Amino acid sequence: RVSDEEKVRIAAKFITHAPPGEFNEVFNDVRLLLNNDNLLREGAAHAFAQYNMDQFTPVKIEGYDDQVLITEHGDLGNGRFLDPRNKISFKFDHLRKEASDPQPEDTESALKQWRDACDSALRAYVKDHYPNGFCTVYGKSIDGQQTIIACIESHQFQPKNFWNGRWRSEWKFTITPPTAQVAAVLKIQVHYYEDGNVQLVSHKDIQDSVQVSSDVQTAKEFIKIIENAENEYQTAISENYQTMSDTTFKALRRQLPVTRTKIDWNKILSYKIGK
Amino acid sequence: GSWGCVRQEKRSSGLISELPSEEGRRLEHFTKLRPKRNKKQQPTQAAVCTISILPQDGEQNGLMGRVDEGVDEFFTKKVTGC
Amino acid sequence: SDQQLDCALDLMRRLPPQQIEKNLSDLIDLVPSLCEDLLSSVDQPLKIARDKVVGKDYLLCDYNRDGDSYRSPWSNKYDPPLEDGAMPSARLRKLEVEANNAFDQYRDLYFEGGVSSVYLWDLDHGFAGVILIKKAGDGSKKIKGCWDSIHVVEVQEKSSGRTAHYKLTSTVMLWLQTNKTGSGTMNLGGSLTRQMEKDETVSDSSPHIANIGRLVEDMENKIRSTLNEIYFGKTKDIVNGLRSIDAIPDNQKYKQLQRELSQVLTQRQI
Numbered sequence: 007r008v009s010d011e012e013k014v015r016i017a018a019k020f021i022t023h024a025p026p027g028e029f030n031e032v033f034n035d036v037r038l039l040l041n042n043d044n045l046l047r048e049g050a051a052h053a054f055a056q057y058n059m060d061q062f063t064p065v066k067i068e069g070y071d072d073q074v075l076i077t078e079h080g081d082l083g084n085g086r087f088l089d090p091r092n093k094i095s096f097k098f099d100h101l102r103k104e105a106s107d108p109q110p111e112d113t114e115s116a117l118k119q120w121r122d123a124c125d126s127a128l129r130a131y132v133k134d135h136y137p138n139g140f141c142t143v144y145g146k147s148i149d150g151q152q153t154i155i156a157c158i159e160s161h162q163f164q165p166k167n168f169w170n171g172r173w174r175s176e177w178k179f180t181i182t183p184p185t186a187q188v189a190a191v192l193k194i195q196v197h198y199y200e201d202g203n204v205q206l207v208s209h210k211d212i213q214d215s216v217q218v219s220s221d222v223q224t225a226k227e228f229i230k231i232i233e234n235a236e237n238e239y240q241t242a243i244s245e246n247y248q249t250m251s252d253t254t255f256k257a258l259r260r261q262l263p264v265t266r267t268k269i270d271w272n273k274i275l276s277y278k279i280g281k
Numbered sequence: 601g602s603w604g605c606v607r608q609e610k611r612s613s614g615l616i617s618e619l620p621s622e623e624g625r626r627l628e629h630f631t632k633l634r635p636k637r638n639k640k641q642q643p644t645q646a647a648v649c650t651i652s653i654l655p656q657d658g659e660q661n662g663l664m665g666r667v668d669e670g671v672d673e674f675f676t677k678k679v680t681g682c
Numbered sequence: 302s303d304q305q306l307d308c309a310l311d312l313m314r315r316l317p318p319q320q321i322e323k324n325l326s327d328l329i330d331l332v333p334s335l336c337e338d339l340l341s342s343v344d345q346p347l348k349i350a351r352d353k354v355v356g357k358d359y360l361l362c363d364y365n366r367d368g369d370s371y372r373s374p375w376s377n378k379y380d381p382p383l384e385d386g387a388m389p390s391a392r393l394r395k396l397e398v399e400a401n402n403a404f405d406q407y408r409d410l411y412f413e414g415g416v417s418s419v420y421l422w423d424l425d426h427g428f429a430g431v432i433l434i435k436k437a438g439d440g441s442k443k444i445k446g447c448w449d450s451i452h453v454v455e456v457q458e459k460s461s462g463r464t465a466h467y468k469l470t471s472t473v474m475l476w477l478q479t480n481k482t483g484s485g486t487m488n489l490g491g492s493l494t495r496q497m498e499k500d501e502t503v504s505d506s507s508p509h510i511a512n513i514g515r516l517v518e519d520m521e522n523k524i525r526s527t528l529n530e531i532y533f534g535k536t537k538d539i540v541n542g543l544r545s546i547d548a549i550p551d552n553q554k555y556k557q558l559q560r561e562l563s564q565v566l567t568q569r570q571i
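Quick note, the sequences are listed as chains A, C and B, same order.
Straight run, no breaks: the first sequence in the deposited numbering ends on number 281.
Straight run, no breaks: the second sequence in the deposited numbering ends on number 682.
Straight run, no breaks: the third sequence in the deposited numbering ends on number 571.
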């Protein structure tokens, strides 16, 4: 019913589910809770890696001006990741903040044509809509089919004011001329924790069918798909906030009693309709 | 600044690594920061209650709800998403 | 292990409150000796139970629980059935009945519906109690909402005086969810906690329930304002800081300067 293997999996789940910008606090908590560093090291590396990966952790390679996104798609598999833009190889150290000692990565250069266009075409989209955003487009071959994978990340961490937030968007473009199919997932997570624990957890899954033309053309067609879908998503979110605050919230608890004055407790403690 | 699992390319002690996570643990502890414990029972392996209605239309016992439900049946396991 | 409890509470203050139930359970699996301490210190979404003999719902919490059963505030009976379950004294039970009735009115006046439950217990030189309130909104609307009130009050009675010390620790859990095309799944939830302490006169015109009631009321009115601010104000603002629908007038000037000043400091510091 209980085993060290189960405790390790539990510890791992907690660690990989830390909210943005709070990995260490959660890790230290779990470490003191598990109270067995030998077991903790069993899945640490795996935990750290998975976290940074699903969190699209923006990292800065030794000296490229390189804010690159750590994702699965860039996971070499040997303990190193891909930087499709600068196109090098970089080893990411999970505990420490830095990832250094890069390796040139001469490519396959098959889908790269599309890849390089979308990348800096999207890089423009991002600079226009994400205050502290970064993007990484992956050109790759997925079991025969060519696909462009653009990953966008944006965050704001203010622990001294007890809050952190992050945006994550992933668009998978699978090409099948003339027209191709789109698949994406938009994600938002916000955490406020001064004398409480409040969180916005939201995500939207979208699938689209797009017409494929040129290289610089299909790219701008994509950045357009994304722009419209993400603006629509964000729009639906601000609207939801509006309704929750002016309809749902007010339907829960009134601001003042129906009697329209604070409660007369002496009256509640005695005065009856009849017994 | 510097990197090396154990081989250490540069001529240095390089005692830093993934170790920083074991420590010797401090024996001293608060023990009782504040008054509160309400020690009681619980061990029984059981817990049933749940509310009534709140979730959209879909539950009961629907284990279905994933990308590409069909697997090891079609010609290929082509997936629109991942 | 007190640092453990501290660490356990910090963790629950960071993991998605939407999964408090599953995570608390796992947390207990991880540290089984803290089970009792966590069940009493970790607030979880309020569960409703049906009192069959009276035909009325009541709310569940660690304070009306004994082993695997819970005590109804209506029939003063445990469910599932127990033989010698913990019960308040006959005299405290009477006050408990009166507190439930008073807060039922309080609930109807401020929430116009929902469910409330009050459970009391004796202390060495006073007594304590928990006031539970749950109110779920229109189940027909696109957006679902639920308010959970969890008030724990400790009353320190004074030998001479009929003036008592009240310590109120309150938590309001507010859950909002929507499954709409344009937003996919959006979940805004969690809770805020506030604490208050006050010395107060206890008299025939202002008995214990009135004093506790006034404190609960003031507390909830204050937390309602903070909730509105944090949920619909602050988290929204953080959201707008992550992305902007309108093109953000890019600024070259500050960014160009920033790099120049930065590299100087690094080759001066370590």
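Heads up, the beta-carbon is just placed ideally off N, CA and C, and yes, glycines get one too.
**Message:** Quick check on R174 of chain A - is its C-beta less than 8 angstroms from some C-beta in chain C?
**Reply:** At a cut-off of 8 angstroms, the C-beta of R174 of chain A has no neighbouring C-beta in chain C.
**Asked** Interface residues of chain A around residue 556 of chain C at Cβ under 9 angstroms?
**Response** Here chain C has residues from 601 to 682 only, and residue 556 of chain C is not among them.
**Message:** Determine, for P346 of chain B, whether the minimum Cβ-Cβ distance to residues of chain A falls below 8 angstroms.
**Reply:** Output row for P346 of chain B: interface = no.
**Message:** Comparing C-alpha positions only, which one of A:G27, A:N246, A:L39 sits nearest to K442 of chain B?
**Reply:** Ranked by Cα distance from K442 of chain B, the options A:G27, A:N246, A:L39 are led by A:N246.
**Item:** Partner residues on chain C for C336 of chain B, Cβ-Cβ distance less than 8 angstroms
**Value:** The contacting residues are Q642, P643.
**Prompt:** Buried or exposed: where does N661 of chain C fall if 16 or more other Cβ atoms within 10 Å of its Cβ makes it buried?
**Reply:** Exposed, by the Cβ-count rule.
**Request:** Tell me whether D367 of chain B sits in a helix, a strand or coil according to DSSP, three-state version.
**Result:** Under the three-state reduction of DSSP output, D367 of chain B falls in the strand class.
**Message:** So if I threshold CB-CB distances at 9 angstroms, which residues from the segment 224-247 of chain A count as touching chain B?
**Reply:** Going along the segment 224-247 of chain A in chain order, one finds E236, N237, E238, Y239, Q240, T241, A242, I243, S244, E245, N246, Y247 with a Cβ nearer than 9 angstroms to chain B.
**N-terminal and C-terminal residue of the alpha helix (DSSP H) that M664 of chain C is part of** = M664 of chain C -> no alpha helix (DSSP H), and no H or E assigned at all.
**Asked** Apart from the five residues just before and just after residue 711 of chain C, which ones in its own chain have a Cβ nearer than 7 angstroms to its Cβ?
**Response** The question about residue 711 of chain C has no answer here: the residues shown for chain C are numbered 601 through 682.
**Asked** Between the segment 606-621 of chain C and the segment 307-318 of chain B, do at least 3 Cβ pairs fall closer than 8 angstroms?
**Response** They do not touch, by the three-pair rule.
**Request:** Check the C-beta distance from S390 of chain B over to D423 of chain B and give it rounded, since I have them as a contact under 8 angstroms.
**Result:** Sure, about 6 angstroms apart at Cβ, within 8 angstroms.
**Prompt:** Does the beta-carbon distance from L528 of chain B to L489 of chain B come in below 8 angstroms?
**Reply:** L528 of chain B places its beta carbon 8 angstroms or farther from that of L489 of chain B.
**Request:** Let me know the secondary structure DSSP gives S621 of chain C once reduced to three states.
**Result:** Of the three classes helix, strand and coil, the one that applies to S621 of chain C here is coil, per DSSP.
**Prompt:** With distances taken between CB atoms, is the gap from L312 of chain B to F20 of chain A smaller than 8 angstroms?
**Reply:** Contact flag set, yes.
**Asked** Taking the beta strand (DSSP E) that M313 of chain B falls in, what are its first and last residues?
**Response** Run containing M313 of chain B: none in the beta strand (DSSP E); it sits in the alpha helix (DSSP H), 303-313.
**Prompt:** Looking at C-alpha atoms only, which residue of B:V343, B:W476, B:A429, B:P374 is the closest neighbour of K353 of chain B?
**Reply:** Among B:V343, B:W476, B:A429, B:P374, the Cα nearest to that of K353 of chain B is on B:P374.
**Prompt:** Thinking C-alpha only, which one of B:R394, B:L396, B:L393, B:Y371 is nearest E384 of chain B?
**Reply:** Measuring from the Cα of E384 of chain B, the nearest candidate turns out to be B:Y371.
**Request:** Below 9 angstroms between beta carbons is the criterion; list the residues of the segment 197-213 of chain A that meet it against any residue of chain C, in chain order.
**Result:** Of all residues in the segment 197-213 of chain A, only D211, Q213 place a beta-carbon less than 9 angstroms from a beta-carbon of chain C.
**Message:** On the DSSP letters alone, give me the boundaries of the beta strand (DSSP E) that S95 of chain A sits inside.
**Reply:** Here the beta strand (DSSP E) through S95 of chain A covers 94-97.
**Asked** Is any beta-carbon of chain A found at less than 8 angstroms from that of residue 299 of chain B?
**Response** For chain B, the structure presents residues 302 to 571; residue 299 of chain B sits outside this window and is missing.
**Request:** Taking only the alpha-carbon atoms, compute the straight-line gap between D89 of chain A and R544 of chain B and give it to the nearest angstrom.
**Result:** Taking the straight line from one Cα to the other gives about 24 angstroms.
**Message:** Give me, in chain order, the residues of the same chain whose beta-carbon lies closer than 6 angstroms to that of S471 of chain B; leave out the 5 immediate sequence neighbours on both sides.
**Reply:** Only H452, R495, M520 meet the Cβ criterion.
**Message:** Please identify, using Cβ separations under 8 angstroms, the residues of the segment 103-137 of chain A that lie next to chain C, in order along the chain.
**Reply:** Going along the segment 103-137 of chain A in chain order, one finds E104, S106, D107 with a Cβ nearer than 8 angstroms to chain C.
**Asked** First and last residue of the beta strand (DSSP E) that includes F255 of chain A?
**Response** Looking at the DSSP string, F255 of chain A is not in any beta strand (DSSP E); the run it does join, the alpha helix (DSSP H), is 255-258.
**Request:** Select from B:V431, B:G485, B:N324 the residue whose C-alpha is nearest the C-alpha of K468 of chain B.
**Result:** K468 of chain B has its Cα closest to that of B:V431, out of B:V431, B:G485, B:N324.
**Asked** Start and end of the beta strand (DSSP E) containing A116 of chain A?
**Response** Run containing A116 of chain A: none; DSSP gives neither H nor E here.
**Asked** If contact means a Cβ-Cβ distance below 9 angstroms, which residues of the segment 460-493 of chain B contact chain A?
**Response** Within the segment 460-493 of chain B, the residues whose Cβ lies closer than 9 angstroms to some Cβ of chain A are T472, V473, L475, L477, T479, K481, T482, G483, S484, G485, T486, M487, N488, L489, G490, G491, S492, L493, listed in chain order.
**Request:** Please check if any C-beta of chain C sits within less than 8 angstroms of the C-beta of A189 of chain A.
**Result:** Chain C, which has a Cβ nearer than 8 angstroms to the Cβ of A189 of chain A, makes this yes.
**Asked** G414 of chain B lies in the alpha helix (DSSP H); which residues open and close that run?
**Response** Per DSSP, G414 of chain B belongs to no alpha helix (DSSP H) and is neither H nor E.
**Message:** Looking at chain A, is there any beta carbon in it that lies within less than 8 angstroms of the beta carbon of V540 of chain B?
**Reply:** So yes, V540 of chain B belongs to the interface.
**Prompt:** Buried or exposed: where does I653 of chain C fall if 16 or more other Cβ atoms within 10 Å of its Cβ makes it buried?
**Reply:** Classification of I653 of chain C: exposed, given that the 10 Å Cβ count is below 16.
**Contact check, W173 of chain A vs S160 of chain A, beta carbons under 8 angstroms** = Closer than 8 angstroms, so yes.
**Request:** Could you tell me which residues DSSP pairs with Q152 of chain A in its beta bridges?
**Result:** Residue pairing of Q152 of chain A in beta bridges, as defined by DSSP: A:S147.
**Asked** Any chance the segment 145-162 of chain A sits against the segment 179-190 of chain A, with 3 or more Cβ pairs inside 8 angstroms?
**Response** Touching, yes.
**Item:** Extent of the continuous beta strand (DSSP E) run through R351 of chain B
**Value:** Note, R351 of chain B: beta strand (DSSP E), 348-352.
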